[PDB]
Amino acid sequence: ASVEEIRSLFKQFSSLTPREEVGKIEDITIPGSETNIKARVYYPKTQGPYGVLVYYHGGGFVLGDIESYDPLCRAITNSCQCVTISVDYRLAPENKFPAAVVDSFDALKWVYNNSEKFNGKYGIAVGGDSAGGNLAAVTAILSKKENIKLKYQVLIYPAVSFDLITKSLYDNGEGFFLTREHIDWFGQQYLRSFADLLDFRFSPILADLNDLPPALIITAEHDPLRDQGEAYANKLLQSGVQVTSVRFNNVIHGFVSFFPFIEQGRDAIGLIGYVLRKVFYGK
């Protein structure tokens, strides 16, 4: 199947997943530095004012989009009781690194600067799964550099480094949905050149992690990315940042997207909702 065929398939797969009702939905266009960036704003059913979570979908920098992630963003919105803004960042191979990062950061900056539009008085958080967790992490690092003050970062089974050495990569590299072959192929589509491996915007583990927002980092027992996600948590802690690092056992990469039928995914979404209600609202 072509990359376009698989992109379409994931939208199709979404439509079989029950979409929770939220308060209100609107599509916006965010004026980016290189492009105009589509986003979907989900309001919860409760009264404002709100906290706002800017969410970056996963899909290896190549796949995924606002539509295929719509059911998960609805569930997150209701769990967190916060405005969620799901960002359609530019995809590879058509748009190589650092386009996804440029779009993701541009979107965050704009949301931070315009949070009043959403009655977003309780502050901004970032969040994302896999490649989106990478983007959330990198956006938080870029924010610190620009003195944008984030409340929280939710990193769901993130990819934080180029990896040829973690035990989990070899133990879990076959037979658990996300494989070594996939990972290598995504990396090929996204990267411009070998030199990009030195760039913290590709591997955020490389950055100085001092003064970042506190974090929830979810990993999955059977995920090749598990060890590096837990390493990002350790490096945050070593840098004085509060992080709750939680490994969901018995589940594979992607399990949160499968919340309708993997109950551990529903419970992860429950935990996400808890930490954000905590940080935004004091509960």
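In this text, residue numbers run from 1 along the sequence as written.
Asker: Can you tell me whether 269 to 277 has a higher mean C-alpha B factor than 16 to 24 in this record, or the other way round?
Answerer: Mean CA B-factor is higher for 16 to 24.
Asker: Mind pulling up the entry and telling me whether 140 to 148 or 85 to 93 has the higher mean Cα temperature factor?
Answerer: Going by the record's values, the stretch with the higher mean is 140 to 148.
Asker: According to the deposited entry, which of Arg201, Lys167, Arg180, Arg74 has the largest Cα B-factor?
Answerer: Comparing C-alpha B-factors across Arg201, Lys167, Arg180, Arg74, the top value belongs to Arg180.
Asker: Between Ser68, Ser257, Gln238, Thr219, which one tops the list for Cα B-factor in this entry?
Answerer: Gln238 has the highest C-alpha B-factor of those listed.
Asker: Lowest, middle or highest third: where is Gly173 by Cα B-factor in its chain?
Answerer: For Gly173, the deposited C-alpha B-factor lands in the middle third.
Asker: Compared with the other modelled residues in the chain, in which third is the CA B-factor of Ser130?
Answerer: Its C-alpha B-factor belongs to the middle third of this chain's values.
Asker: Give the position of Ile156 by CA B-factor within its chain, expressed as the lowest, middle or highest third.
Answerer: As the PDB entry reports it, the C-alpha B-factor of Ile156 lands in the lowest third of its chain.
Asker: Place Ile205 in the lowest, middle or highest third of its chain's C-alpha B-factors, as listed in the PDB entry.
Answerer: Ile205: CA B-factor falls in the lowest third of its chain.
Asker: What third of its chain, lowest, middle or highest, does the C-alpha temperature factor of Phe186 fall into?
Answerer: For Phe186, the deposited C-alpha B-factor lands in the middle third.
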